[PDB]
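What follows is one structure encoded as structure tokens, with my remarks underneath.
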Amino acid sequence: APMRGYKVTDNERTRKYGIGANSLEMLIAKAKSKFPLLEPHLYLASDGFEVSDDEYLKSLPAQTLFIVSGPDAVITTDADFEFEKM
Amino acid sequence: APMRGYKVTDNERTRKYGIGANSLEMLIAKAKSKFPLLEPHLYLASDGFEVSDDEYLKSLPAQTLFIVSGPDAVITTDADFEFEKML
Amino acid sequence: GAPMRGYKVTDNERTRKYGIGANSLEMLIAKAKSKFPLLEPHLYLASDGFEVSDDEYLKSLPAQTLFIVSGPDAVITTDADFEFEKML
Amino acid sequence: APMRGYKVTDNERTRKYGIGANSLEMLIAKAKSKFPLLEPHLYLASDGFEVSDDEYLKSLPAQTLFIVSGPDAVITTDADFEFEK
Amino acid sequence: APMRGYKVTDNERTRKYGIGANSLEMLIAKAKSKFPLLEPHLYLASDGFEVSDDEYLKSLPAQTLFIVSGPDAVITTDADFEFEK
Amino acid sequence: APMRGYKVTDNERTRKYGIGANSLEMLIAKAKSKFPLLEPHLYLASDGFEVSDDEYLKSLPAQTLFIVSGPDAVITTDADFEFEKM
Amino acid sequence: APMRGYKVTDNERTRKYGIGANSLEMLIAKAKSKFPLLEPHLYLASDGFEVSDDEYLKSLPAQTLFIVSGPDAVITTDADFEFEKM
Amino acid sequence: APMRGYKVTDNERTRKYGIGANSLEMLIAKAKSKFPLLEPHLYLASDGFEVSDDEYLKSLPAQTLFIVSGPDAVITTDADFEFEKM
Amino acid sequence: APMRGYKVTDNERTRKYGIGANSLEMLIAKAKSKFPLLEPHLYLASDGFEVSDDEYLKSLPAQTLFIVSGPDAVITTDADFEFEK
Amino acid sequence: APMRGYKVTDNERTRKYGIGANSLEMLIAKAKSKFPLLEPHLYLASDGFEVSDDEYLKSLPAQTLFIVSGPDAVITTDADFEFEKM
């Protein structure tokens, strides 16, 4: 498995990290080491879908932005977060 | 068979998952474990058509959005979903 | 040697709607029949109602074109008239 | 020769078929089999002009609608057919 | 293993250096000797994300511009830094 | 080990030399010998970054144009030198 | 060590010779015999840069066009020499 | 030492011969016997540069096209010749 | 000293022969016997240059096509000969 | 001296034989034995050139295809013969 770069942030978009990971578990592990989460879940910042499998993750292009969040927490999408603080 | 990413939701747009799958069989299995449906069928969110065979699935572009629902189900299409909540 | 492509099929009153992969007009017709009550089924463009008469005319068409499936030599409700007679 | 799709009907708009054909001859044969017509000829539904050779046929854009009818027949053009109705 | 070139600057973009480095460790070490910082961290000037791993660094193309700053420093992005100008 | 050709000028585009060098040290030596400065520093004419180590130098493509100037100096980049001159 | 071919001209582009040379010294020698200059120096027609050492010369691809001219003479680069001819 | 084939013509491209030669001198001799010039010099049809020494000649690829002309001669380049024919 | 094969034709491309020869003398001699011309000269079909020495000939790859013609006839080159057709 | 294998056919490629021959004479003889021609001559199927000399025959690689034909016959080349087939 090849290591790929991803951008991860919290739902309020305050901490922002780039992470190398060749699996959805490596990415989730690394995400939590850096985050106050009990069980962290990755969501596409674009539309908010949960990255559920390693397979759906490698579907995604490199440097895709994820929100890391609660287990079935609902995400402020990028369109909505950008629009809320204007 | 090549694994591709598809987006799946229930008709009420509450649970939203990305799923890797190389067959319509694998995709249906994975959706079933994540969804409260007995035997589940895939529908295009666009127009409400049923993905009936695996052949039609790889016809569709990756990251296509599906509604998952019961057999012989009529779907609130995306156009009709948006307009009725804005209402 | 024939490429599998995706088409969209419905009955004349738009209740059962399926997408079907098929590389021939006979493969599409077979699959349409398993999902439908009609005993000998024929494909019609939802647009204008023309019968897809041979396999070559089927590959003439772009993918995901919508067909009405119906009985032989039967005239179909065009999309325009179905979707305006519907709102009437 | 490339196979292309064309639209054929009678002068009365009763029978409507899509036909694949790489020649005006292949198209004429295929219309022949689906029609009760002795020696049948193709006309532009638009203008009523007879498609006289294979070359003028491949001049035309795909999915052009033709009236098929007897030779030297004068056609109810599309404007006149649907104005009569 | 392979030494690659990166461009590093401070948050007010006054001290600009190109640095060869085959690890995020080496890049950080060399960055610290040329910069007035205690524990220094690399961030993409583009969007401001923190370069967390050696792996995420080697994800990036060569001559990528980094801001080096404090541990949870929030950075004036290139877009915002050149707009204030 | 390998000799490569680089292009050197002062911040005023007066003297222009091509110099072969297998190190940033050799290049700096040869730069000073042709220049007035007491201790010389190399900068990318493109964006003005200082070539800090021999390793970053070999990062660069051959025949890259450098400015030589003092350790202090901030440089009129190529974009700005030929924007202001015109 | 290896003989290579170079193209040399004066700054007004009247006398044009191809010269075989494995050193910047051999090249400059041969240029001097064919030119009225006492101590002549080579410049890239492309850039106007002085080929300052033997090493930078072998940096260059064969059949590179050089101007031979005064010691610190500045050259009408061919881009501008060809621009003035119109 | 090794014989190579070169292609030679006059400036008006009326007479065209292929000539084997291992030196610029042998080539110059053979063109001399085939051409109405008193002291003949070789020029690249491409650029119009004078092949000045034997070394610059073996720089060149085989079957390179040369013009023969008088000393200090300016040549109709191939671009300029086959353009001005129309 | 080594015998090699070449292709010879007249300026018309009507008579076409393959000829084995280790010298420009042997080659033109053999063309002499198979062609009318009293003093025949070899020219490259490609560009029309006269093969002037035995040396320029062994420069050429085997099975190179020559026009054989008059002492200073100018050749319809292959580009032009097959364009007139 | 060394026997080599060649391939022979008539101008409409209906009778096809492989023939061993160490001379153009032997090849021509054996071909005439199998063919309805009085004095027969060999032509390259590829090019249509007459294999006029024994040395030119040994110039060619083994299994080159020949047309056997009349003394000054012009041949349907392989390119032209197999386009007439369409």
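By convention in this document, the chains of the structure tokens carry letters A, B, ... by their order, each chain's residues are numbered from 1, and ligands are numbered from 1 in the order they are shown.
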
Can you pull out the residues contacting residue 29 (chain E)? Cut-off 12 Å, using only C-alpha atoms, and skip same-chain residues under 3 positions away; I want them as an NGL selection string.
:E and (19-26 or 32-35 or 37-42 or 68)

Any chance you could export the current selection's N, CA and C atoms as a PDB file, in the first residue's frame?
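The resulting file, part.pdb, is shown below:
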```pdb
ATOM      1  N   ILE E  19      16.130  25.197   1.245  1.00  0.00           N
ATOM      2  CA  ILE E  19      16.781  24.212   2.113  1.00  0.00           C
ATOM      3  C   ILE E  19      16.644  22.812   1.523  1.00  0.00           C
ATOM      4  N   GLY E  20      17.766  22.094   1.440  1.00  0.00           N
ATOM      5  CA  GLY E  20      17.757  20.695   1.018  1.00  0.00           C
ATOM      6  C   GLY E  20      17.535  19.783   2.215  1.00  0.00           C
ATOM      7  N   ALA E  21      16.661  18.791   2.041  1.00  0.00           N
ATOM      8  CA  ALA E  21      16.255  17.946   3.160  1.00  0.00           C
ATOM      9  C   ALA E  21      15.622  16.656   2.650  1.00  0.00           C
ATOM     10  N   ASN E  22      16.017  15.529   3.244  1.00  0.00           N
ATOM     11  CA  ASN E  22      15.409  14.244   2.905  1.00  0.00           C
ATOM     12  C   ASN E  22      14.483  13.723   3.997  1.00  0.00           C
ATOM     13  N   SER E  23      14.227  14.518   5.021  1.00  0.00           N
ATOM     14  CA  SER E  23      13.304  14.119   6.061  1.00  0.00           C
ATOM     15  C   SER E  23      12.665  15.379   6.598  1.00  0.00           C
ATOM     16  N   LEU E  24      11.479  15.232   7.197  1.00  0.00           N
ATOM     17  CA  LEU E  24      10.885  16.397   7.838  1.00  0.00           C
ATOM     18  C   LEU E  24      11.718  16.814   9.028  1.00  0.00           C
ATOM     19  N   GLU E  25      12.446  15.861   9.608  1.00  0.00           N
ATOM     20  CA  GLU E  25      13.313  16.203  10.719  1.00  0.00           C
ATOM     21  C   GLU E  25      14.428  17.121  10.235  1.00  0.00           C
ATOM     22  N   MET E  26      15.151  16.700   9.192  1.00  0.00           N
ATOM     23  CA  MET E  26      16.239  17.524   8.672  1.00  0.00           C
ATOM     24  C   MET E  26      15.734  18.900   8.259  1.00  0.00           C
ATOM     25  N   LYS E  32      15.432  25.649  11.968  1.00  0.00           N
ATOM     26  CA  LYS E  32      15.525  26.239  13.305  1.00  0.00           C
ATOM     27  C   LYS E  32      16.804  27.048  13.472  1.00  0.00           C
ATOM     28  N   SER E  33      17.895  26.602  12.839  1.00  0.00           N
ATOM     29  CA  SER E  33      19.153  27.325  12.944  1.00  0.00           C
ATOM     30  C   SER E  33      19.075  28.684  12.260  1.00  0.00           C
ATOM     31  N   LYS E  34      18.272  28.813  11.217  1.00  0.00           N
ATOM     32  CA  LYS E  34      18.128  30.106  10.571  1.00  0.00           C
ATOM     33  C   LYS E  34      16.933  30.897  11.084  1.00  0.00           C
ATOM     34  N   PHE E  35      16.211  30.404  12.083  1.00  0.00           N
ATOM     35  CA  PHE E  35      15.054  31.180  12.490  1.00  0.00           C
ATOM     36  C   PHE E  35      14.974  31.352  14.003  1.00  0.00           C
ATOM     37  N   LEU E  37      13.140  30.825  16.499  1.00  0.00           N
ATOM     38  CA  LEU E  37      12.040  30.088  17.105  1.00  0.00           C
ATOM     39  C   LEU E  37      12.541  28.974  18.005  1.00  0.00           C
ATOM     40  N   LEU E  38      11.748  28.728  19.053  1.00  0.00           N
ATOM     41  CA  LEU E  38      12.046  27.759  20.099  1.00  0.00           C
ATOM     42  C   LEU E  38      11.795  26.331  19.626  1.00  0.00           C
ATOM     43  N   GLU E  39      10.524  25.948  19.506  1.00  0.00           N
ATOM     44  CA  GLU E  39      10.148  24.677  18.881  1.00  0.00           C
ATOM     45  C   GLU E  39       9.399  25.008  17.587  1.00  0.00           C
ATOM     46  N   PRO E  40       9.983  24.739  16.408  1.00  0.00           N
ATOM     47  CA  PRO E  40       9.437  25.333  15.182  1.00  0.00           C
ATOM     48  C   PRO E  40       8.637  24.324  14.366  1.00  0.00           C
ATOM     49  N   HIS E  41       7.559  24.767  13.712  1.00  0.00           N
ATOM     50  CA  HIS E  41       6.710  23.875  12.925  1.00  0.00           C
ATOM     51  C   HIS E  41       6.458  24.423  11.526  1.00  0.00           C
ATOM     52  N   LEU E  42       6.318  23.508  10.562  1.00  0.00           N
ATOM     53  CA  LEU E  42       6.179  23.848   9.150  1.00  0.00           C
ATOM     54  C   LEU E  42       4.717  23.891   8.748  1.00  0.00           C
ATOM     55  N   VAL E  68       7.366  28.708   8.589  1.00  0.00           N
ATOM     56  CA  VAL E  68       7.821  28.128   9.855  1.00  0.00           C
ATOM     57  C   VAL E  68       7.433  29.085  10.970  1.00  0.00           C
TER      58      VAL E  68
END
```

So that I can check the surroundings of region 48-53 of chain F, please list as a ChimeraX atom specification every protein, DNA and RNA residue that reaches within 12 Å of it, counting only C-alpha atoms and ignoring chain neighbours fewer than 3 positions away.
/E:3-9,13-21,27,30-31,33-34,63,65 /F:11,23-25,27-28,40-45,56-60,64-81

Any chance you can output those residues with C-alpha atoms as a short mmCIF file (atom, residue, chain, number, x, y, z; two decimals), in the first residue's frame?
```cif
data_model
loop_
_atom_site.label_atom_id
_atom_site.label_comp_id
_atom_site.auth_asym_id
_atom_site.auth_seq_id
_atom_site.Cartn_x
_atom_site.Cartn_y
_atom_site.Cartn_z
CA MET E 3 17.32 14.98 -0.78
CA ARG E 4 14.70 17.46 -2.03
CA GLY E 5 14.59 21.25 -2.10
CA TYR E 6 11.96 23.25 -0.24
CA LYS E 7 11.44 26.99 0.27
CA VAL E 8 10.89 28.20 3.86
CA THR E 9 10.02 31.63 5.27
CA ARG E 13 7.92 36.71 4.73
CA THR E 14 11.15 38.59 5.39
CA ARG E 15 13.74 35.79 5.75
CA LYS E 16 13.47 33.51 2.69
CA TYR E 17 15.66 30.41 2.34
CA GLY E 18 15.87 27.33 0.14
CA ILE E 19 16.78 24.21 2.11
CA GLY E 20 17.76 20.69 1.02
CA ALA E 21 16.25 17.95 3.16
CA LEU E 27 14.08 20.25 7.18
CA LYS E 30 17.94 23.41 9.30
CA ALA E 31 14.94 25.72 9.57
CA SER E 33 19.15 27.33 12.94
CA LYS E 34 18.13 30.11 10.57
CA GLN E 63 10.00 23.87 -3.81
CA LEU E 65 6.65 27.07 0.24
CA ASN F 11 21.50 42.88 -8.10
CA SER F 23 29.47 22.73 -4.81
CA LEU F 24 27.78 25.77 -3.43
CA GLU F 25 31.20 26.47 -1.93
CA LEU F 27 30.31 28.55 -6.79
CA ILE F 28 30.55 31.06 -3.93
CA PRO F 40 28.93 36.66 -0.94
CA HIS F 41 25.42 35.18 -0.87
CA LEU F 42 23.37 33.55 -3.65
CA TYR F 43 19.70 34.20 -4.30
CA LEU F 44 17.17 32.91 -6.77
CA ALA F 45 16.53 35.76 -9.17
CA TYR F 56 19.38 23.08 -1.92
CA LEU F 57 21.69 24.22 -4.74
CA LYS F 58 21.71 20.85 -6.45
CA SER F 59 17.94 20.84 -6.00
CA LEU F 60 17.91 23.56 -8.65
CA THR F 64 19.49 28.89 -12.98
CA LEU F 65 20.10 32.61 -12.57
CA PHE F 66 21.28 33.71 -9.13
CA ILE F 67 21.80 37.13 -7.65
CA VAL F 68 25.02 37.65 -5.65
CA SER F 69 24.75 40.21 -2.86
CA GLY F 70 25.45 40.76 0.83
CA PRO F 71 24.01 38.48 3.53
CA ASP F 72 21.73 41.33 4.49
CA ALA F 73 20.36 42.01 1.12
CA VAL F 74 16.80 41.75 -0.17
CA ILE F 75 16.79 41.63 -3.94
CA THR F 76 14.85 43.19 -6.74
CA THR F 77 13.48 40.01 -8.29
CA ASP F 78 13.56 39.50 -12.05
CA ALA F 79 9.84 40.23 -12.23
CA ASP F 80 10.41 43.57 -10.48
CA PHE F 81 13.75 44.50 -12.09
#
```

Superposition output for chain F against chain G, all Cα paired in order, as a CSV table (one decimal) with N, CA and C atoms, in the first residue's frame:
```
chain,number,residue,atom,x,y,z
F,1,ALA,N,39.2,17.1,-22.7
F,1,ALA,CA,39.7,16.1,-23.6
F,1,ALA,C,39.0,16.0,-24.9
F,2,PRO,N,37.6,16.0,-25.0
F,2,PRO,CA,36.9,15.8,-26.3
F,2,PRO,C,36.7,17.0,-27.1
F,3,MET,N,37.0,17.0,-28.4
F,3,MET,CA,36.8,18.1,-29.2
F,3,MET,C,35.4,18.3,-29.5
F,4,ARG,N,34.9,19.6,-29.3
F,4,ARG,CA,33.5,19.8,-29.6
F,4,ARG,C,33.4,21.1,-30.5
F,5,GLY,N,32.3,21.2,-31.2
F,5,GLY,CA,32.1,22.3,-32.1
F,5,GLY,C,31.2,23.4,-31.5
F,6,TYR,N,31.7,24.6,-31.7
F,6,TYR,CA,31.0,25.8,-31.2
F,6,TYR,C,30.9,26.8,-32.3
F,7,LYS,N,30.0,27.8,-32.2
F,7,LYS,CA,29.8,28.8,-33.2
F,7,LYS,C,30.2,30.2,-32.6
F,8,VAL,N,31.0,30.9,-33.4
F,8,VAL,CA,31.5,32.2,-32.9
F,8,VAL,C,31.2,33.3,-33.9
F,9,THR,N,30.8,34.4,-33.4
F,9,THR,CA,30.6,35.6,-34.3
F,9,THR,C,31.0,36.8,-33.5
F,10,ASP,N,31.3,37.9,-34.2
F,10,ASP,CA,31.4,39.2,-33.5
F,10,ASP,C,30.1,39.8,-33.2
F,11,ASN,N,30.1,40.9,-32.4
F,11,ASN,CA,28.9,41.5,-32.0
F,11,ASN,C,28.1,42.0,-33.2
F,12,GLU,N,28.6,42.0,-34.4
F,12,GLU,CA,28.0,42.6,-35.6
F,12,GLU,C,27.5,41.5,-36.6
F,13,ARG,N,27.7,40.2,-36.4
F,13,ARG,CA,27.2,39.1,-37.2
F,13,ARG,C,27.7,39.3,-38.7
F,14,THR,N,29.0,39.6,-38.7
F,14,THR,CA,29.7,39.8,-40.0
F,14,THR,C,30.5,38.6,-40.4
F,15,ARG,N,31.5,38.2,-39.6
F,15,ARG,CA,32.2,37.0,-39.7
F,15,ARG,C,31.4,36.0,-38.8
F,16,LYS,N,31.3,34.7,-39.3
F,16,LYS,CA,30.7,33.6,-38.6
F,16,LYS,C,31.5,32.4,-38.9
F,17,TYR,N,32.1,31.8,-37.8
F,17,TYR,CA,32.9,30.7,-37.9
F,17,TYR,C,32.4,29.5,-37.0
F,18,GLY,N,32.6,28.3,-37.4
F,18,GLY,CA,32.5,27.1,-36.6
F,18,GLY,C,33.9,26.7,-36.2
F,19,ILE,N,34.1,26.4,-34.9
F,19,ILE,CA,35.4,26.1,-34.4
F,19,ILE,C,35.3,24.9,-33.4
F,20,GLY,N,36.3,24.0,-33.6
F,20,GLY,CA,36.4,22.9,-32.7
F,20,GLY,C,37.4,23.3,-31.6
F,21,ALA,N,37.1,22.8,-30.4
F,21,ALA,CA,37.9,23.2,-29.2
F,21,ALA,C,37.5,22.2,-28.0
F,22,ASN,N,38.6,21.8,-27.3
F,22,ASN,CA,38.5,21.0,-26.2
F,22,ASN,C,38.7,21.7,-24.9
F,23,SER,N,38.8,23.0,-25.0
F,23,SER,CA,39.0,23.9,-23.8
F,23,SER,C,38.4,25.3,-24.1
F,24,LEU,N,38.1,26.0,-23.1
F,24,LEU,CA,37.8,27.4,-23.3
F,24,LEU,C,39.1,28.1,-23.8
F,25,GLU,N,40.2,27.6,-23.4
F,25,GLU,CA,41.5,28.3,-23.8
F,25,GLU,C,41.7,28.1,-25.3
F,26,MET,N,41.7,26.8,-25.8
F,26,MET,CA,41.8,26.6,-27.2
F,26,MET,C,40.8,27.4,-28.0
F,27,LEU,N,39.5,27.4,-27.6
F,27,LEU,CA,38.5,28.2,-28.3
F,27,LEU,C,38.9,29.7,-28.3
F,28,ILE,N,39.4,30.2,-27.2
F,28,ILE,CA,39.7,31.6,-27.2
F,28,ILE,C,40.9,31.9,-28.1
F,29,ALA,N,41.9,31.0,-28.1
F,29,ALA,CA,43.0,31.1,-29.0
F,29,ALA,C,42.5,31.2,-30.4
F,30,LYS,N,41.8,30.2,-30.9
F,30,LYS,CA,41.3,30.1,-32.2
F,30,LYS,C,40.3,31.3,-32.6
F,31,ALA,N,39.6,31.8,-31.6
F,31,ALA,CA,38.7,32.9,-31.8
F,31,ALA,C,39.6,34.1,-32.2
F,32,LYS,N,40.6,34.4,-31.4
F,32,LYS,CA,41.4,35.6,-31.6
F,32,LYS,C,42.1,35.5,-33.0
F,33,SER,N,42.7,34.4,-33.3
F,33,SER,CA,43.4,34.2,-34.6
F,33,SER,C,42.5,34.6,-35.8
F,34,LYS,N,41.2,34.4,-35.6
F,34,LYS,CA,40.3,34.9,-36.7
F,34,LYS,C,39.7,36.2,-36.4
F,35,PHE,N,40.1,36.9,-35.4
F,35,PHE,CA,39.5,38.2,-35.0
F,35,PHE,C,40.4,39.3,-34.7
F,36,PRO,N,40.1,40.6,-34.8
F,36,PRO,CA,41.0,41.6,-34.6
F,36,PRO,C,41.4,41.8,-33.2
F,37,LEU,N,40.5,41.5,-32.2
F,37,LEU,CA,40.6,41.9,-30.8
F,37,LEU,C,42.0,41.4,-30.2
F,38,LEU,N,42.4,42.3,-29.2
F,38,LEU,CA,43.7,42.1,-28.5
F,38,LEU,C,43.5,40.9,-27.5
F,39,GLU,N,42.6,41.0,-26.6
F,39,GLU,CA,42.3,39.9,-25.8
F,39,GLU,C,40.8,39.6,-25.8
F,40,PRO,N,40.4,38.3,-26.2
F,40,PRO,CA,39.0,38.1,-26.5
F,40,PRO,C,38.2,37.5,-25.4
F,41,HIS,N,36.9,37.8,-25.4
F,41,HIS,CA,36.0,37.2,-24.4
F,41,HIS,C,34.8,36.7,-25.1
F,42,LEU,N,34.3,35.5,-24.6
F,42,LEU,CA,33.1,34.8,-25.1
F,42,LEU,C,31.8,35.1,-24.4
F,43,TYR,N,30.7,35.3,-25.1
F,43,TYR,CA,29.5,35.5,-24.4
F,43,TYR,C,28.4,34.7,-25.1
F,44,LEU,N,27.4,34.3,-24.3
F,44,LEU,CA,26.3,33.6,-24.9
F,44,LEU,C,25.5,34.7,-25.7
F,45,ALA,N,25.3,34.4,-26.9
F,45,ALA,CA,24.5,35.2,-27.8
F,45,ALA,C,23.0,35.3,-27.2
F,46,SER,N,22.5,34.3,-26.6
F,46,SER,CA,21.2,34.3,-26.1
F,46,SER,C,20.9,35.4,-25.1
F,47,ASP,N,21.7,35.4,-24.0
F,47,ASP,CA,21.5,36.3,-22.9
F,47,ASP,C,22.7,37.2,-22.6
F,48,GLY,N,23.9,36.9,-23.2
F,48,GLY,CA,25.0,37.8,-23.0
F,48,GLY,C,25.9,37.5,-21.8
F,49,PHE,N,25.8,36.3,-21.2
F,49,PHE,CA,26.6,36.0,-20.1
F,49,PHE,C,28.0,35.7,-20.5
F,50,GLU,N,29.0,36.0,-19.8
F,50,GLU,CA,30.4,35.7,-20.1
F,50,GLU,C,30.7,34.3,-19.7
F,51,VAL,N,31.3,33.5,-20.7
F,51,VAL,CA,31.8,32.2,-20.4
F,51,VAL,C,33.1,32.4,-19.5
F,52,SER,N,33.0,32.1,-18.2
F,52,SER,CA,34.0,32.5,-17.3
F,52,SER,C,35.1,31.5,-17.1
F,53,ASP,N,34.8,30.2,-17.2
F,53,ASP,CA,35.8,29.2,-17.0
F,53,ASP,C,35.5,28.1,-18.0
F,54,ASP,N,36.6,27.3,-18.2
F,54,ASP,CA,36.4,26.1,-19.1
F,54,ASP,C,35.2,25.3,-18.6
F,55,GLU,N,35.0,25.2,-17.3
F,55,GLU,CA,34.0,24.4,-16.7
F,55,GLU,C,32.6,24.9,-17.1
F,56,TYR,N,32.3,26.2,-17.1
F,56,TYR,CA,31.0,26.6,-17.6
F,56,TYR,C,30.9,26.4,-19.1
F,57,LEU,N,32.0,26.4,-19.8
F,57,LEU,CA,31.9,26.2,-21.3
F,57,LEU,C,31.3,24.8,-21.6
F,58,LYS,N,31.9,23.8,-20.9
F,58,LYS,CA,31.4,22.4,-21.2
F,58,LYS,C,30.1,22.2,-20.6
F,59,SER,N,29.6,23.0,-19.7
F,59,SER,CA,28.2,23.0,-19.3
F,59,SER,C,27.3,23.2,-20.5
F,60,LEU,N,27.8,24.0,-21.5
F,60,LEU,CA,26.9,24.4,-22.6
F,60,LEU,C,26.7,23.3,-23.7
F,61,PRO,N,25.6,23.2,-24.4
F,61,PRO,CA,25.5,22.3,-25.5
F,61,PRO,C,26.3,22.6,-26.7
F,62,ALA,N,26.7,21.6,-27.4
F,62,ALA,CA,27.5,21.9,-28.6
F,62,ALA,C,26.8,22.8,-29.6
F,63,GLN,N,27.6,23.4,-30.5
F,63,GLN,CA,27.1,24.4,-31.5
F,63,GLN,C,26.3,25.5,-30.9
F,64,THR,N,26.6,25.9,-29.6
F,64,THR,CA,26.1,27.1,-29.0
F,64,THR,C,26.8,28.3,-29.7
F,65,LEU,N,26.0,29.4,-29.9
F,65,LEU,CA,26.5,30.6,-30.6
F,65,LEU,C,27.0,31.5,-29.5
F,66,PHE,N,28.3,31.9,-29.6
F,66,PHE,CA,28.9,32.9,-28.8
F,66,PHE,C,29.2,34.1,-29.5
F,67,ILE,N,29.2,35.3,-28.8
F,67,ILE,CA,29.8,36.5,-29.3
F,67,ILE,C,31.2,36.6,-28.8
F,68,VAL,N,32.1,37.0,-29.6
F,68,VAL,CA,33.5,37.4,-29.2
F,68,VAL,C,33.5,39.0,-29.2
F,69,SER,N,34.1,39.5,-28.1
F,69,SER,CA,34.2,41.0,-27.9
F,69,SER,C,35.2,41.2,-26.9
F,70,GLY,N,35.4,42.5,-26.5
F,70,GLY,CA,36.3,42.9,-25.5
F,70,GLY,C,35.8,42.5,-24.1
F,71,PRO,N,36.7,42.6,-23.1
F,71,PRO,CA,36.3,42.2,-21.8
F,71,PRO,C,35.2,43.2,-21.2
F,72,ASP,N,35.4,44.4,-21.6
F,72,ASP,CA,34.4,45.5,-21.3
F,72,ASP,C,33.0,45.0,-21.7
F,73,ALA,N,32.9,44.5,-22.9
F,73,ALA,CA,31.7,44.8,-23.8
F,73,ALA,C,30.4,44.1,-23.3
F,74,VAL,N,29.3,44.9,-23.4
F,74,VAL,CA,28.0,44.4,-23.2
F,74,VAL,C,27.4,44.3,-24.6
F,75,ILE,N,26.7,43.2,-24.9
F,75,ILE,CA,26.4,42.7,-26.2
F,75,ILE,C,25.0,42.9,-26.6
F,76,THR,N,24.7,43.2,-27.8
F,76,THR,CA,23.4,43.1,-28.4
F,76,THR,C,23.0,41.7,-28.5
F,77,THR,N,22.1,41.2,-27.6
F,77,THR,CA,21.7,39.8,-27.7
F,77,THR,C,21.1,39.5,-29.0
F,78,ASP,N,20.9,38.2,-29.3
F,78,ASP,CA,20.3,37.7,-30.5
F,78,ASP,C,18.9,38.2,-30.6
F,79,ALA,N,18.1,38.2,-29.5
F,79,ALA,CA,16.8,38.7,-29.5
F,79,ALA,C,16.8,40.2,-30.0
F,80,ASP,N,17.7,41.0,-29.4
F,80,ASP,CA,17.8,42.4,-29.8
F,80,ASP,C,18.4,42.7,-31.1
F,81,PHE,N,19.4,41.9,-31.5
F,81,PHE,CA,20.1,42.2,-32.8
F,81,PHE,C,19.1,42.0,-34.0
F,82,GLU,N,18.3,40.9,-34.0
F,82,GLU,CA,17.3,40.7,-35.0
F,82,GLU,C,15.9,41.3,-34.6
F,83,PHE,N,15.8,41.9,-33.4
F,83,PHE,CA,14.6,42.8,-33.2
F,83,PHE,C,14.9,44.2,-33.8
F,84,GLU,N,16.1,44.7,-33.5
F,84,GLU,CA,16.4,46.0,-34.0
F,84,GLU,C,16.6,46.0,-35.6
F,85,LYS,N,17.3,45.0,-36.1
F,85,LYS,CA,17.6,44.9,-37.5
F,85,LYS,C,16.3,44.9,-38.3
F,86,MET,N,15.2,44.3,-37.8
F,86,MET,CA,13.9,44.4,-38.2
F,86,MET,C,13.1,45.4,-37.4
```

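Distance-wise, CA of residue 36 (chain B) and CA of residue 69 (chain B) end up 9.2 Å apart.
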
Define the interface residues of chain B facing chain C as those within 8 Å, counting only C-alpha atoms, and report them as a PyMOL selection string.
chain B and resi 48-57+59-60+72

Secondary structure check, alpha helix (DSSP H) residues of region 35-81 of chain I, as a list in words:
residues 54, 55, 56, 57, 58, 59, 78, 79, 80 and 81 of chain I

Keeping only N, CA and C atoms, write the selected residues to a file as a compact mmCIF listing (two decimals), in the first residue's frame.
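Written file, part_11.txt:
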```
# COMPACT_ATOMS: atom_id res chain seq x y z
N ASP I 54 34.18 6.85 -55.13
CA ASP I 54 33.89 5.55 -54.55
C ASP I 54 33.65 5.74 -53.05
N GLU I 55 34.35 6.71 -52.45
CA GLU I 55 34.21 6.96 -51.02
C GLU I 55 32.81 7.46 -50.65
N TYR I 56 32.27 8.45 -51.36
CA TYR I 56 30.94 8.90 -50.99
C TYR I 56 29.91 7.79 -51.14
N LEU I 57 30.15 6.85 -52.07
CA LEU I 57 29.27 5.69 -52.26
C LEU I 57 29.26 4.75 -51.06
N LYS I 58 30.44 4.36 -50.57
CA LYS I 58 30.41 3.46 -49.43
C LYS I 58 29.96 4.16 -48.16
N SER I 59 29.93 5.49 -48.17
CA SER I 59 29.19 6.23 -47.16
C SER I 59 27.74 5.76 -47.07
N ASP I 78 12.70 12.03 -56.14
CA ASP I 78 11.57 11.16 -55.81
C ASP I 78 10.37 11.95 -55.31
N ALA I 79 10.59 12.95 -54.46
CA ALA I 79 9.49 13.79 -53.99
C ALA I 79 8.69 14.36 -55.15
N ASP I 80 9.39 14.88 -56.15
CA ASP I 80 8.75 15.50 -57.29
C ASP I 80 8.23 14.48 -58.30
N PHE I 81 8.92 13.34 -58.45
CA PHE I 81 8.52 12.36 -59.47
C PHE I 81 7.19 11.69 -59.11
```

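Atom to atom, CA of residue 52 (chain D) and CA of residue 71 (chain D) stand 10.8 Å apart.
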
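The space between CA of residue 48 (chain D) and CA of residue 64 (chain D) spans 12.4 Å.
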